[PDB]
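In order, the protein sequence lines correspond to chains A and B. The working numbering puts the first residue of the first sequence at 1, with every later residue one more than the last. The working numbering puts the first residue of the second sequence at 102, with every later residue one more than the last. Each residue gets a CB set at the ideal place from its N, CA and C atoms; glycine is no exception.
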Amino acid sequence: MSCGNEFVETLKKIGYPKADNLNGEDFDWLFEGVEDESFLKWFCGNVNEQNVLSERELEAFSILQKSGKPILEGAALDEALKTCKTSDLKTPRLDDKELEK
Amino acid sequence: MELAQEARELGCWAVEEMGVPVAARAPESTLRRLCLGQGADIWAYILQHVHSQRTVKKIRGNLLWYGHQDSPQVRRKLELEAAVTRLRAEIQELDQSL
């Protein structure tokens, strides 16, 4: 069984630009070691596209870190996410007529 | 120098960030053998574009809440409210002088 196919799929999940030009058989030398495989199976079967951020998000968070603002981690992150998900419904904000009033 | 440095950074990124177990951890010789050849760059991608789930949720929530807060529309609404505050304060002060 070509074990490098799952690695190719995983590297396609992380949005690698050159992952389409990489073959599974060209990286079969990676998967031939047992100590290699101990990390390779977990990387293939426990990493998805949700663990990966885009370049725009990365540079925006870099500018945010350079801005010195506190980073929402833990409870503040959960509070912000809960407020945004509750605001994902019908919200009457951003009205330009009340702005004109 | 880049091979061993990338191998050690990859090991630290596997341990600290993803929480890779010790039995599933890549040893130093494993990281050196993976990173030689074409593996020096692609895992160099993974250490800078791939994070843990908690870190990705952290960055996404931080951006999606602060950019909502730092929108110029929110700023113009806030400064119009502050303008209303300054205006009736000016009303009180001018009426006091009157």
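For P128(B), would you say it is in contact with chain A, using Cβ-to-Cβ distances shorter than 8 Å as the test?
Taking the first residue of the second sequence as position 1, residue 128(B) is located at position 27. Yes, contact with chain A.
Say whether chain B places a C-beta atom closer than 8 Å to the C-beta of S38(A).
The residue labelled residue 38(A) in the question sits at position 38 within the first sequence. With 8 Å as the cut-off, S38(A) counts as an interface residue toward chain B.
Could you pull the start and end residues of the alpha helix (DSSP H) that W42(A) belongs to?
The count along the first sequence starts at 1 and reaches residue 42(A) at position 42. Here the alpha helix (DSSP H) through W42(A) covers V34 to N46.
Answer with buried or exposed for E107(B), where buried requires no fewer than 16 other C-beta atoms within 10 angstroms of its C-beta.
By one-based count along the second sequence, residue 107(B) stands at place 6. Looking at its Cβ environment, which holds 16 or more other Cβ atoms inside 10 Å, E107(B) is buried.
C-beta neighbour in chain B for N51(A), strict 8 Å
As a first step, residue 51(A) must be located in the first sequence, where it is residue number 51. By this cut-off, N51(A) is an interface position.
Within 8 Å, do at least three Cβ pairs link the region 134–141 of chain B to the region 175–189 of chain B?
no
For the region 168–187 of chain B, which residues have a beta carbon sitting closer than 8 Å to at least one beta carbon of chain A?
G168, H169, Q174, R177, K178 and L181
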